[PDB]
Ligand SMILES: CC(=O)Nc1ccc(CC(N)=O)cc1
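Just the one chain here, laid out as structure tokens, in the form deposited without this ligand.
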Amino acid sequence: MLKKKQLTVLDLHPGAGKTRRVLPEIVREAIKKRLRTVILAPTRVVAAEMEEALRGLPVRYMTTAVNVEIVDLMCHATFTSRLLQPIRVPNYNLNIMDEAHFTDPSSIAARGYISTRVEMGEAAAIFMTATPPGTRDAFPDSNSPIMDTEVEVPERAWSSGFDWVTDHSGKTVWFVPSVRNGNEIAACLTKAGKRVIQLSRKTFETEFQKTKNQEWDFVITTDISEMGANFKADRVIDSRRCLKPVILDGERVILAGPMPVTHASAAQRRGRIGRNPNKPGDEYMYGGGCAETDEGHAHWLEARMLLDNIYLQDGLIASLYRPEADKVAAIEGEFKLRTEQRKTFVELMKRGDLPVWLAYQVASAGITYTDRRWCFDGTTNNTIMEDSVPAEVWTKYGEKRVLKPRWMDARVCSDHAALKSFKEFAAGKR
């Protein structure tokens, strides 16, 4: 697997031991061969788990998530961020991506960068995932048999007709299509006397610990838990539905759907259970079919925005990883920014915590990071609502204004927490 100019897809079925058994073997061999190696973990939670699997081995943990060399370990997003910034990144001879199905824009971009370096003959790479891009198998092998049942799954509060949900006496991981939908289901379950933990992208690294430290009956989670999150559960309830960010008329981003998940997403959701060879009969209840909803999904356009701004060699631009390259229609290099606008782009995404697409619109317009006039001078149909009335903030000048951004990205106000963060941004508070 370790030879140069080779990209290996390590696609053992879920729970087969890719992360805990195969990975340390790979690391020991890479150290013996003096290969400069990067290990890419999807989340800080997984990075901390990897330190336990890699205990003893000389690995530099480039994250504060690990309380503790020619092997570096960092998060997917950190790798892509460092490539975008002036910071020097080693030309790693061996690039290991764990949970390489992650569809975050930074993860897609990292796969494009790594796979291009391999294609140029400069490096080796190992992509670890049970569900490579394009998988059509929602029901892969597992360590113990799974009971699969197609069934109508509630997506709103319910009173009758779903007794099977609450009659269960084990622990359930329930994949919902959005934070707001999960809030409603959570409230309904809590009213029925269940103890519920909710997880989403921005709360995961913090709230996941409650699944170890607290008694719980349900974990209500968005698709973030598709990325190596381990639960001691015996049932998965899968709405089989997700929101799809879509760029409309090249001018705005909406959150379309909910709509079907990909086969890979469904397989990863189901793959939370059936992982213990000593506990057969975990249950997977699924509420819809699968479809290729990554086609036209904004994350792959946003990956091209990132990759267009990563230096590879002179003027060349890395391509997306071939199996996922057709999921976006874009002109190669069309998002490349000059030095100063690229710095603004990066700052809008990191400190600004704006979605990639929105950060690009602002930076490519020549706006500097601290200049928030664009948050207020949009068209009337770009007005953002809070509790059914136009949302308002005090500008950094002390004037109360309606939030009406020049470019509208639905992800800045899809839940209360997102809106709170964007209001603070519009006010100049970060």
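Only the largest set of C-alpha atoms that superpose within 1.5 Å between the two forms is called the rigid core. Note that residue numbering follows the sequence shown and begins at 1.
For 200-208 versus 108-116, the mean Cα distance to the shown form in 8 other deposited structures of this protein after rigid core alignment is larger for 200-208. In 8 other deposited structures of this protein, superposed on the rigid core, the segment with the larger root-mean-square CA displacement between 283-291 and 338-346 is 338-346. Unmodelled stretch separating residue 68 from residue 69: 4 to 9 residues (count of deposited-sequence residues without coordinates). When the mean C-alpha temperature factors of 319-327 and 354-362 are read from the deposited coordinates, 319-327 comes out higher. Note on 363-371 vs 52-60: mean CA B-factor is higher in 52-60. Of the candidates 258, 288, 182, 250, it is 250 whose Cα B-factor is highest according to the PDB record. Of the candidates 162, 204, 216, 174, the PDB record gives 204 the highest C-alpha temperature factor. Sorting the modelled residues of the chain by their CA temperature factor places residue 119 in the highest third. Residue 221: CA B factor in the lowest third of modelled residues in this chain (values from the PDB entry). Residue 411: CA B factor in the lowest third of modelled residues in this chain (values from the PDB entry). Per the PDB record, residue ranking by Cα B-factor puts residue 106 in the lowest third of the chain. Ranked within its chain, residue 127 lands in the lowest third, by CA B factor from the PDB record.
Keep in mind that the form deposited with this ligand bound is missing from the display, and what follows is about it.
Only one of 254, 192, 330, 337 comes within 4.5 Å of this ligand in the bound PDB entry through a heavy atom, and that residue is 330. When this ligand is considered in the bound PDB entry, only one residue from 179, 237, 185, 301 comes within 4.5 Å through any heavy atom, namely 301. Site residues 247, 296 and 305 are all in contact with this ligand in the bound PDB entry, judged by any heavy atom within 4.5 Å.
In the bound PDB entry, at least one heavy atom of residue 357 sits within 4.5 Å of this ligand.
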